[PDB]
Amino acid sequence: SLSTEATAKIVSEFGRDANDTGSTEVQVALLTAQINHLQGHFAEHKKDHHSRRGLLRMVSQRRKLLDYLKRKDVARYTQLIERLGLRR
Amino acid sequence: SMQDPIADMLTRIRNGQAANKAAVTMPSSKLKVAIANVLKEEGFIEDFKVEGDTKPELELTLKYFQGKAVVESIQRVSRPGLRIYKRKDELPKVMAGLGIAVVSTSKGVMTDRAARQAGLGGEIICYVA
Amino acid sequence: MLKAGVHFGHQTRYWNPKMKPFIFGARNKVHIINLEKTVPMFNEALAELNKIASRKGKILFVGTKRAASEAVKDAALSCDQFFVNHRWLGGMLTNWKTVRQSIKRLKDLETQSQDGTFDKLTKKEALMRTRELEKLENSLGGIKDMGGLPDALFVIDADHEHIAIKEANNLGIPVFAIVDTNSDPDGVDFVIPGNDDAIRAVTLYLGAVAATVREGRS
RNA sequence: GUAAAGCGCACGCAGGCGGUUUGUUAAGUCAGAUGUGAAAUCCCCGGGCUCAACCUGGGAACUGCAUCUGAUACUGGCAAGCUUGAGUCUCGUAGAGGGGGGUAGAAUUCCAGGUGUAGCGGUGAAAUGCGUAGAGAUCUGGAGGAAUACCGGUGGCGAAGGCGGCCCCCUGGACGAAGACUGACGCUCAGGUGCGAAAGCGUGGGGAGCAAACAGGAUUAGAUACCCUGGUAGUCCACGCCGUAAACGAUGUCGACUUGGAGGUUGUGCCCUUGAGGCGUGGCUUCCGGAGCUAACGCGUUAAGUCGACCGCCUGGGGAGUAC
RNA sequence: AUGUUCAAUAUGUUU
Ligand SMILES: [Mg+2]
Ligand SMILES: [Mg+2]
Ligand SMILES: [Mg+2]
Ligand SMILES: [Mg+2]
Ligand SMILES: [Mg+2]
Ligand SMILES: [Mg+2]
Ligand SMILES: [Mg+2]
Ligand SMILES: [Mg+2]
Ligand SMILES: [Mg+2]
Ligand SMILES: [Mg+2]
Ligand SMILES: [Mg+2]
Ligand SMILES: [Mg+2]
Ligand SMILES: [Mg+2]
Ligand SMILES: [Mg+2]
Ligand SMILES: [Mg+2]
Ligand SMILES: [Mg+2]
Ligand SMILES: [Mg+2]
Ligand SMILES: [Mg+2]
Ligand SMILES: [Mg+2]
Ligand SMILES: [Mg+2]
Ligand SMILES: [Mg+2]
Ligand SMILES: [Mg+2]
């Protein structure tokens, strides 16, 4: 999901430019947008275990990228987590 | 997930010698080039190349004496799960001296005989019999 | 180069992967053999034949398929050598001890058929004896007057006659065999990559070996 | 793999391991030295008991430890890179992948009605059983539940369990071509967490068919079995619990390398597409088989071959995977 | 169609 327009908007909002789409901030922002989105899908489809497996893969991917960003540059890490609404 | 490229180089040599391939190409590296230099000077391998700049490839020409491989048994000793460093007096003797034991010393990578000649030991990379 | 014949290409996808350096670039699901590697090894085989026939030779010719049989017969008898133009009896060389006795029985049957008593016995026994002589000639005709053991085995189909190859290997008798694309080129001491199905190609091979062994006969 | 032994499957913290280049450090590592490592003992060369045991002289060793000075190949730390790992984006493809909702047809059963009549049903043979109160058979109408013939395929998807009528809604993953993008962000994982067939448990519905238990009829020496006639939980649905299977390719995950053949499926590039063809290049997958391996059977590029990382497990058969 | 069971034991060589 997370249609081309929404993901390109996140790319432009969170990256160097629209071509810069693989940077850690953009990857984390896209995973976070997808997770906030899918929270509604799993609000009622509680028994969608096969899709929640991919959701948890997204959560773990976002956490691994956040750890990388933290131990790579703490300033960008703090900026991204506060701009994205993270830490529990 | 590629956690010992030195062992991968060794097993590439072994598989190529078992499959009677004349050449064996691998992702090159400075340590791999050192070990290949050691093998080429000690006679277990023919000439080699390090061709490539942004992604260098190491091309080793393997040796066959009659119809059999020259590299009899090339065994990795100091694998990244158990490192093996030996003193000068503790350096091994592969095939009772007529095989080599590539060891990394402070003066660069050299064979067991060379490390003993120079009076220092190091990390036993591999046994080439 | 294409010196002569049609031995330039043979068997399809059934190729032995060990016959790689001689397959030239198969065109339409048919593996063409590299003549640039065929001709020098063929002249090497012929040179070793010259050398071993200089030693007065004992050169078996093993062709058992329905193509190579008569050409093998003609070539061997034309020069002076011994041949196997039918099914290779398991143990002709390695079990030479008991096949020498069947050869002796064959020669006894033959001398009796010439100047003996195959006529002055029962007609049924006699027909049985001439049929047994027929079997013994059909099988051991070429090895009939073959002294002791051979000195080289010119095998035509390494895949079809691989019992003779394996039987010469454990005696150390050298093997000069025509190794098709689908064959195992290991027991052959001097391989000759070529075609087997073509009667004309096999006749080329047999004329070559006959001429060269006749040369070596000094 | 089958001898005991791969967790049911994955996620993942501590942990272990870690692509490539340069610089720096010198922790590991290595070299030398200093101190020490009691003596005896052990060992070596002697020497004294007539020999020997024994005693003893001198060494050697005490394979260790900390400190000092050096090397910087490798490992480690820091700094900076790099892209071949790993990810992100654009387009597209296939799919019983999942969750929710709605319909379709066939058929079973029941009910109401019509025709019609003495059988039906079942078996090895029968009988129980249903039937003149009219069954069975046949037609019409209605109800209700469950599963989706054909397609259907050693086909596909999924981490495993598992998932097949059609349609819609929400959603996960995989793969392919071309590019850009971040730049080692990776592999594994004790504990932990989640998913986990069937049976089973709880509450509430539902209940056509099938059917543990049960009842009857047979078989039988007996028959609390197989067989027959019925038949209740259950099978169905919602939400909870269990957490186990011959949860099995009896084969942990990840990565690299090493002859081939015939397929299946899903992509893709080009050429004569001068058709549905030929020639390549990817993903998944079925069978045969080479080297090699194996006790053998067999595995055999999807290895049980050659290696690396991490984990789990095994230690004679019972007792017992029981007891506490 | 169905159709049950059977207690435990010897062996032997050269130029
Ligand atoms: Mg077992
Ligand atoms: Mg398993
Ligand atoms: Mg960890
Ligand atoms: Mg490294
Ligand atoms: Mg140090
Ligand atoms: Mg002492
Ligand atoms: Mg004395
Ligand atoms: Mg001392
Ligand atoms: Mg360093
Ligand atoms: Mg370093
Ligand atoms: Mg860059
Ligand atoms: Mg665990
Ligand atoms: Mg549960
Ligand atoms: Mg159940
Ligand atoms: Mg229930
Ligand atoms: Mg029943
Ligand atoms: Mg279990
Ligand atoms: Mg199963
Ligand atoms: Mg198991
Ligand atoms: Mg096989
Ligand atoms: Mg228990
Ligand atoms: Mg009894």
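Residues numbered from 1 in each chain as written, not as in the entry; some residues may be left out. Chains lettered and ligands numbered in written order. Part of a larger assembly, values for the part shown. Heavy atoms only, no water.

Structure determination for this entry is recorded as cryo-EM, at 3.1 Å resolution.

As annotated in the PDB entry, chain C is 30S ribosomal protein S2 from Escherichia coli. Under its PDB header, the title given for this structure is "Structure of the P+9 stalled ribosome complex".

For chain B, the name recorded in the PDB entry is 30S ribosomal protein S8, with Escherichia coli as its organism. Database annotation for chain B, UniProt heading Sequence similarities (unreviewed entry): "Belongs to the universal ribosomal protein uS8 family." (UniProt positions renumbered as here; feature names shortened; annotations may be inferred.)

Turning our attention to the overall build of chain B. A count of helices and strands for chain B gives 3 helices and 8 strands. The linear arrangement of helices and strands in chain B, starting from the amino end, is α-β-α-β-β-β-β-β-β-α-β. Principal-axis analysis of the C-alpha atoms gives chain B an extent of 35 × 35 × 25 Å. Of all 129 residues assigned to chain B, the portion counted as buried reaches 38%. Put simply, 62% of the contacts in chain B that link residues at least 6 apart link residues at least 24 apart. Within the structure as shown, chain B displays about 7300 Å² of accessible surface, and the carbon and sulfur contribution to it stands at 50%. Separation of charge centres in chain B, based on 20 positive and 15 negative side chains, amounts to 4 Å. (Helix = DSSP H or I, 4+ residues; strand = E, 2+ residues; numbered from the N terminus. Buried < 20%, exposed > 50% of the residue type's maximum accessible area, 1.4 Å probe, protein only. Contact = heavy atoms within 4.5 Å. Areas by Shrake-Rupley, 256 points an atom, 1.4 Å probe, with all protein chains shown as cover. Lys, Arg positive; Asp, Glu negative; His and termini not counted. Charge placed at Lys NZ, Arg CZ, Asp CG, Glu CD.)

Attention shifts here to the domain arrangement of chain B. Residue and element names in this part refer to chain B. What the domain assignment lists for chain B is domain 1 (5–69) and domain 2 (74–128). Taken together, the contact pairs 12 residues of domain 1 with 11 residues of domain 2. For the pair domain 1 and domain 2, the two sides together bury roughly 1000 Å², of which 81% comes from carbon and sulfur. Area buried by domain 1 at its contact with domain 2 is led by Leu 10, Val 38 and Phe 44, which between them contribute 41% of it. Put simply, domain 1 and domain 2 have 0 salt bridges between them. The tally of links from domain 1 across to domain 2 stands at 1 residue pair in polar contact. Among the elements of the structure, helix 1 (5–18) and helix 2 (30–42) are those that each provide at least two residues to the side of domain 1 that touches domain 2. (Domains from an automatic or database assignment. Buried area = accessible area lost by both parts, 1.4 Å probe. Salt bridge = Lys/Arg side-chain N within 4 Å of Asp/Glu carboxyl O. Polar contact = N/O pair within 3.5 Å; in protein donor to acceptor, adjacent residues only side chain to side chain.)

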